[PDB]
Structure formats: structure tokens, C-alpha cells
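Have a look below at one chain only, the form deposited in one PDB entry, in C-alpha cells format.
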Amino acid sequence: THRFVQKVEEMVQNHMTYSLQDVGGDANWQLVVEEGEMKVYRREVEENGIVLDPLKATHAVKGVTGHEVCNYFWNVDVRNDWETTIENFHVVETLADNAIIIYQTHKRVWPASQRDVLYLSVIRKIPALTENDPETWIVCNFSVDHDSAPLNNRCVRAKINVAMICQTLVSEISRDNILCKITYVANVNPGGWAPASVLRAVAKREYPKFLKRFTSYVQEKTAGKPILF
């Protein structure tokens, strides 16, 4: 029980309600890039001339569990092993053993000014409602206000609502028989102004690169370890 428990519950529930839905049949999502099981979609949205384009991706990763994927996504201690777009990050506050508030700066993308972010990051297990449903592991990263926020005059403050939502299929269980189904959503307000073409090019390049890189990292770090369901 920290002061964000209720907000966390709301953000997680919204993602469970809305973000998990399959968008194969939904023409409102534009499928931008497909590489195998990796499917990356966006909606073209601008507010006050700033690109907000919602990002939604699915993926199916052999050999790892949702629990493992989420631990690796969440655990700050391995962040620098997979992240390629971060210049700096600091843990601002520990709320609980499954929740922290993080400040980070993104590498500058010329010619836009650098962005920073301040967000609560929480990892949660959502039990299968019925014996028919999969359990879900989720990480949610969403912007919050904080006082120990750094002054950084080089940066415009972006605001994010990201979730990595994982269900695991199992087919001695070996990694050969496990598949992790990922839905990843990112809604990013870059703040300020940045050229629309730049924001779209960054999204189109960096999201598939992240998903490929990050998932491969989890496969590589877990191979030959006992499975953490």
C-alpha cells in the first residue's frame, strides 16, 4: 500500500479491458510492419498538431514465459542490457517491491529537442478469472508527477502510458514447449513540438527494433535456466 495503489489498479484494469483485444479484424488499426509473429500497428492521431499515434504490437516468442518477459522488462538492473534509446535513468522512488517511479532521458533524435520522462513502473500478475482463461503478467509504465523530478533544460517532458501484457501457452515441461504471447501498447505524448515526420520515423524504426531486440534478449538470458512460470 503506497499512495498510487488505486491509480495503478485503474491503469492495469484499463489495459486488461482494452489493450488485450485482438485488432486483426479492426480496420481502425493500421498494420505498419509485420515480421513473422511480430505485428506492429498504429493509429494516426494528432493533437494540437503534435503526433500522438497510438502504437500497438503483438508478438509470439518461443521459449520464455510471460513472467520472465515481464521481469526482464521491469527489472531496472538489466535495463541497459537491452535499451538502446536511453541516455540516462534514475530511480526516483521505490513504492513497493513491484512498483517504482523512474526518471529517464532519451537520446536526442535530430533535429528535435531531447525528451525526458517521469513514470511509475509496476509489474502485476493477473490471475485467470476462470480455469479456461490464461493468467496474464503485465508491466505498466505511466507518467506521474513527482517533486524529485530533475530540472533538465535540454529536455521536453514526454508523457507515456505503456503496457507489456503477456500470456503464456504450454504445449518435464521444456522451453521447447512454451510460447509467450505479447501485446505491447505505447501511447506517447512527446510534448512540445517535434516534426511529425520525425516522430513517425522514430516510431516506425524504433518500436520493431525494440521488440525484436528485447524479446531476443529474454530468450538469450533465460535459455538453460529453469523455467520461471
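All residue numbers refer to positions in the sequence shown, first residue = 1. Between two forms, the rigid core is defined as the largest C-alpha subset superposing within 1.5 Å. Residues that one form lacks are left out of the comparison.
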Subject >> Missing residues, deposited sequence, between residue 171 and residue 172 (class: none, 1 to 3, 4 to 9, 10 or more) >> reply: 4 to 9
**OP:** Name the higher of the two by mean Cα B-factor in the PDB entry, 108 to 116 versus 129 to 137.
**Re:** 129 to 137
**OP:** Could you settle it for me: does 78 to 86 or 154 to 162 have the higher average Cα B factor in the PDB entry?
**Re:** 78 to 86
**OP:** Have a look at 40, 185, 50, 202 and flag the one whose Cα has the highest B-factor in the entry.
**Re:** 50
Original post:
Which third of the chain does residue 18 land in by C-alpha B-factor: lowest, middle or highest?
Top reply: highest
Subject >> For residue 220, the third of its chain into which the C-alpha B factor falls >> reply: highest
**OP:** Looking at the entry's B-factor column for C-alpha atoms only, identify whether residue 9 ranks in the lowest, middle or highest third of its chain.
**Re:** highest
Original post:
For residue 91, does the deposited CA B-factor place it in the lowest, middle or highest third of the chain?
Top reply: lowest
Subject >> Third of the chain's Cα B-factor distribution that residue 54 belongs to, per the entry >> reply: lowest
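The form deposited in another entry exists for this protein as well; it is not shown, and the discussion that follows is about that form.
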Original post:
Which residue moves between the shown form and the other one, judged by a Cα shift of 2 Å or more on the rigid core: 71, 152, 98, 143?
Top reply: 152
Original post:
Has the Cα of residue 27 moved 2 Å or more between the shown form and the other one, judged after a core fit?
Top reply: yes
**OP:** Explain in one word, closer or farther, how the Cα atoms of residue 161 and residue 151 are placed in that other deposited form relative to this form, where the distance changes by 3 Å or more.
**Re:** closer
Subject >> in that other deposited form, shift in Cα separation for residue 151 relative to residue 144, 3 Å or more >> reply: closer
Subject >> Segments of at least three residues whose Cα atoms shift by 2 Å or more between the shown form and the other one, after superposing on the rigid core >> reply: 22 to 28, 150 to 153
